[PDB]
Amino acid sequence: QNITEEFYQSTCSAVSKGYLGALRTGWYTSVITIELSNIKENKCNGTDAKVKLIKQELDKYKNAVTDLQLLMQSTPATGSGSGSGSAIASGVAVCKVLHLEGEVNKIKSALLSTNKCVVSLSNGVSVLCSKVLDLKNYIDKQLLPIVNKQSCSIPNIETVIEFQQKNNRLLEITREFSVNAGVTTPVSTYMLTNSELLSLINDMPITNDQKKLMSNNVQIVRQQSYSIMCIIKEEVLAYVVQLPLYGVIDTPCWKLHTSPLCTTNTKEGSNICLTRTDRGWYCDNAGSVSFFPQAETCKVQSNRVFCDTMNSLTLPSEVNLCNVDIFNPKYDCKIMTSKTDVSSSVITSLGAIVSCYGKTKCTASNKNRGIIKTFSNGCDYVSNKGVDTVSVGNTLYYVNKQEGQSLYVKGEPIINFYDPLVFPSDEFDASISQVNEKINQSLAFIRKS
């Protein structure tokens, strides 16, 4: 609906609210096929320029078939990997089934009359299937009567051009698989055109709002999808496309922005600093909160966010209390500490946080008026209403011009509650209570002494 934002002066952080998230929980697996011609070289003494062109294109066809066959003798073990495991295990499992005898023929028979099909494999999985290119028919009908005789017939020039056009897609598909070891992401238009992807979506056994969501964000769907080279067997080239399944829809999401909060004493080396940890995207999910620490996990389109759950953490919903009261006793809010008071800015959804320290020149400007605000040392914020850019030292930042409402939540910088002499100043992954217990230990060594 409406994007809103809150800046917390006390902790030098901001939350952008109002987003609606779709979270990828599963995969749709589809088998894409190219029908091939099983032909060997039938060289006949031909020297005319058009037979030579047809022969040269037929060699590129053949080398594409054999290159794919060589690629397959080394199964997709270099596909993907992580502690998160295989993103392609769903597709890989369909490939395994496809190497079973009679399975390829089962797709042959469904595609004997139509372009799209549904096939129930012998493992219980009912996959959609699609033939996107028919080379077997083209080659068997227009080119074998040319080359498979004693002396070659002469094709017309339009057959030469037409065959280069049709074969082109096989060769590009083969080029993409060859440099990516048989797994590509995003899925190119060569693997699946927009028209084929949209038809695939439209033909799936899913609700209408799931069809409409994926159809209106096809480029995000492409970027979250995989194409896995499966098998070349019995005149069939088959590869599996994994499209994202969003098992969480329209869930409330927010983004946390953080920036270093330091004291502003004039003598360098006398200053302590703190920064809230775990910036990034948060989404309500199934009674908990899903947190996405890696910036690439979530794609944003205006009001809507699309996130992959594979590299997310599941947190209690009380994690949000760190944005109402960082000292709350229900969740141990996390911070890191340092004495590195370097100046910086963070562009948020509706404004900009500025951490200005030392001698840095920090300002906010408008295109037509120039400088309209000069920041003082400390952590501060400006909204995108009437501000176009922010400058911190020698770096210029553009503020997002998205519509929405910002709220400045005044409050004492919490760094001012700490005594600089007993402050644990080099904590890389700490927490409010962890810092307070280290301070309790440092007052105790002086209490008895």
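Numbering starts at 1 and runs along the sequence shown.
When 424-432 is weighed against 9-17, 424-432 comes out higher, by mean CA B-factor as recorded in the entry. Just going by the entry, 414-422 versus 38-46 on mean CA temperature factor gives the higher value to 38-46. In this structure the maximum Cα B-factor among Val97, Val160, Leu256, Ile371 is found at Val97. Of the residues listed, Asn323, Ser227, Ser130, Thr189, the entry assigns the biggest Cα temperature factor to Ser130. Per the deposited record, the Cα B-factor of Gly287 falls in the lowest third when ranked against the other modelled residues of its chain.
Per the deposited record, the Cα B-factor of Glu268 falls in the highest third when ranked against the other modelled residues of its chain. Ranked against the other modelled residues of its chain, the C-alpha B-factor of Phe327 as given in the entry falls in the middle third. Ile146: CA B factor in the highest third of modelled residues in this chain (values from the PDB entry). Annotation for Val390: C-alpha temperature factor in the lowest third relative to the rest of the modelled chain, per the entry.
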